[PDB]
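Contents: one structure, followed by commentary.
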Amino acid sequence: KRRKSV
Amino acid sequence: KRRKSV
Amino acid sequence: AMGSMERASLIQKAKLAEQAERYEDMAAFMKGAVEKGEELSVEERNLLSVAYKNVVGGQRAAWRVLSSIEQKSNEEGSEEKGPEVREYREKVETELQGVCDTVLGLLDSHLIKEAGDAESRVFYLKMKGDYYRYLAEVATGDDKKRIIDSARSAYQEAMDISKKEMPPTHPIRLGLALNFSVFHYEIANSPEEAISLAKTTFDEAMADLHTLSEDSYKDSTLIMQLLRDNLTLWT
Amino acid sequence: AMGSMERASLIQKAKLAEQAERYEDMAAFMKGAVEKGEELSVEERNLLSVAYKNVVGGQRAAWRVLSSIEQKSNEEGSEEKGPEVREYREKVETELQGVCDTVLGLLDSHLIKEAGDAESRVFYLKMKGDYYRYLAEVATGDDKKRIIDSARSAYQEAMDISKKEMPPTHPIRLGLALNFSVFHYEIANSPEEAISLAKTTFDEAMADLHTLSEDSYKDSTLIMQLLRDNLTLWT
Ligand SMILES: COC[C@@]1(O)CC[C@@H]2/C1=C\[C@@]1(C)CCC(C(C)C)=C1[C@@H](O)[C@H](O)[C@@H]2C
Ligand SMILES: COC[C@@]1(O)CC[C@@H]2/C1=C\[C@@]1(C)CCC(C(C)C)=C1[C@@H](O)[C@H](O)[C@@H]2C
Ligand SMILES: [Mg+2]
Ligand SMILES: [Mg+2]
Ligand SMILES: [Mg+2]
Ligand SMILES: [Mg+2]
């Protein structure tokens, strides 16, 4: 589970 | 469903 | 380069390249459109950001694969395999830096300076922070602190304008906060600040959801869920 | 171009590029290795085929997206949107043709002529048929029949050697038959021949599975399942 960016 | 090639 | 194609044709082509998942082409078409010198519309700024985010996201994922190999080759008991892993990680790194530099150049010549509305100015400053952050992910030398500080300064200016000029539920504000929080967590060694920022942002957005239409609600809750995914991962 | 890098370094890099899903780099590293002029090992021929199959598979999928858009733009009641869709489909088409031409050139200079063992000769001729077939997927003019016939002739020579020199379960034989059957079905307008070839190939392989080790069995049954998937789709 990789941290989210947008 | 697309036909298979390899 | 794309100098002889009409701006509208470049835009039309960028949309076709996106449909075709041809993100390098999409980015080059958008670069040509920016280079026409006119400001970008909302939809056009989105296309520009999507194109480069995909290109650089492919390069970053490859760099991480190669970095991890290179690190394993440097552990005790690993056979020397020669310079190839390092050389090829460097090659991918250099290409990734060149893409960051291209985007940063477009922002500096002359997207940011002509962006007067909050929604445009914050968008481009968030991009500036994001591409300095990708440079920081690979930085290892003399300039690393300054690259980190450039990412910080850009995100901070975007935070300050977004706080003053945009509602707490605005997707640009939420995405900016999400990314600045990631910057804090993994670039600036400030996991507390990253957590605090994601929490405060999520909570302030929750409290303003009541003002929104169904479509705006869906837009904002989508990025809020990304803030929550990080908080869940980090706490 | 890759002329100054050692052949083994090119091979090592191609394997790293595959791990990193950098298939364009992988293909260029393999092209450089072929250009060193030494024959390829089994594993190296596999790398060469994987690299280009992925590159061209990305271009073909994009071309199909763009082709379908272009066709919809040409139906009754569609707004004229100008030349952009056609131009951009042409651009992707030209790049795809250039990749086919590069591979066909590597095969002709001088992979095929130096390949003496059945496993190498059939492999490269199957590649020759596959890349002429990708050229045929986009061909619309004077040369289309000749391009189709080039694909046919290459597959046929590979079929003839494979029948004589390889067991019916050999993965190369099975993959060759799978692709030549696709060629018949969708390029040469011979769905009966495509079906007949996939069926006969599958059945002859079934009958020889008993000779195989567990690992060889798994290898052969995997491609046999592809023959079955096509027969299921086409019947
Ligand atoms: C520069 O920052 C760009 C961005 O990260 C800030 C938030 C988000 C951005 C990118 C993108 C164009 C891609 C992902 C989304 C989604 C959330 C679909 C969008 C838009 O649809 C949003 O309205 C919004 C502009
Ligand atoms: C030129 O034709 C190449 C090919 O289509 C002929 C059959 C198959 C080929 C490609 C590839 C390298 C990629 C997919 C597979 C799989 C079936 C895993 C392999 C090998 O592992 C097989 O042993 C075998 C050589
Ligand atoms: Mg050892
Ligand atoms: Mg302005
Ligand atoms: Mg109309
Ligand atoms: Mg030989």
Side-chain angles (χ1 to χ4, degrees), chain C residues 1-2 4-30 32-33 54-73 79 82-96 99, chain D residues 1-2 4-30 32-33 54-73 79 82-96 99:
Chain C
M2 290 295 178
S4 69
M5 200 179 310
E6 289 277 16
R7 188 181 188 281
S9 297
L10 290 160
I11 296 305
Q12 184 175 168
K13 291 180 183 181
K15 289 173 180 171
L16 291 169
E18 185 177 25
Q19 289 180 271
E21 297 179 86
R22 291 272 292 202
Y23 292 97
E24 179 164 12
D25 281 356
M26 195 189 174
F29 291 138
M30 295 309 300
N54 273 272
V55 166
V56 81
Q59 297 174 132
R60 289 166 66 211
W63 184 94
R64 289 193 298 276
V65 166
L66 299 171
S67 200
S68 157
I69 302 173
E70 184 180 9
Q71 301 310 307
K72 295 177 203 303
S73 82
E79 268 311 308
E84 288 87 349
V85 176
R86 180 192 44 83
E87 290 172 348
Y88 185 49
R89 188 269 299 156
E90 294 172 333
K91 178 198 174 145
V92 171
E93 183 178 300
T94 296
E95 295 186 7
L96 181 161
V99 170
Chain D
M2 290 295 178
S4 69
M5 200 179 310
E6 289 277 16
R7 188 181 188 281
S9 297
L10 290 160
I11 296 305
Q12 184 175 168
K13 291 180 183 181
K15 289 173 180 171
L16 291 169
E18 185 177 25
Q19 289 180 271
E21 297 179 86
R22 291 272 292 202
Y23 292 97
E24 179 164 12
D25 281 356
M26 195 189 174
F29 291 138
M30 295 309 300
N54 273 272
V55 166
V56 81
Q59 297 174 132
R60 289 166 66 211
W63 184 94
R64 289 193 298 276
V65 166
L66 299 171
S67 200
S68 157
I69 302 173
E70 184 180 9
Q71 301 310 307
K72 295 177 203 303
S73 82
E79 268 311 308
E84 288 87 349
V85 176
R86 180 192 44 83
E87 290 172 348
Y88 185 49
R89 188 269 299 156
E90 294 172 333
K91 178 198 174 145
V92 171
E93 183 178 300
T94 296
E95 295 186 7
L96 181 161
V99 170

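Worth knowing before you read on, the calculation uses all heavy atoms, side chains too, and leaves out hydrogens, waters and symmetry mates. Residue numbers begin at 1 in each chain, while the letters A, B, ... track the order of the sequences.
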query: Taking D:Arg64, D:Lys91, D:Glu21 one by one, which has the highest count of heavy-atom pairs under 4.5 Å against chain C?
result: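 Option with the greatest count: D:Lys91.
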- prompt: Side chain, backbone, both or neither: which part of C:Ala17 has an atom under 4.5 Å from a heavy atom of chain D?
  reply: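 Contact with chain D is through both the backbone and side chain of C:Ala17.
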query: Of the backbone (N, CA, C, O) and the side chain (C-beta and beyond), which part of C:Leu16 lies under 4.5 Å from a heavy atom of chain D, both, or neither?
result: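 When you check distances to chain D, atoms from both the backbone and side chain of C:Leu16 fall under 4.5 Å.
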- request: Name all residues meeting the side-chain contact (heavy atoms from CB on, under 4.5 Å) criterion together with C:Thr94; count only those two or more places apart in sequence or in a different chain, and write none if there are none.
  value: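 Residues passing side-chain contact (heavy atoms from CB on, under 4.5 Å) with C:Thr94: C:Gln97.
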message: For a quick test of reading the model, state the closest non-hydrogen atom pair linking C:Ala20 to D:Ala62 and the distance between them.
response: O-CB, 3.7 Å
query: chain C contacts: which residues in residues 22-30 of chain D have a non-hydrogen atom closer than 4.5 Å to it?
result: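 The list, in residue order, reads D:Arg22, D:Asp25, D:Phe29.
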- prompt: With a 4.5 Å heavy-atom cut-off, do D:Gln19 and C:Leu66 have their side chains touching?
  reply: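 They are not in side-chain contact.
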field: side-chain contact (heavy atoms from CB on, under 4.5 Å) between C:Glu84 and D:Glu6, worked out
entry: CA-CA 10 Å; C:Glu84 288 87 349; D:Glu6 289 277 16; 5.9 Å; no
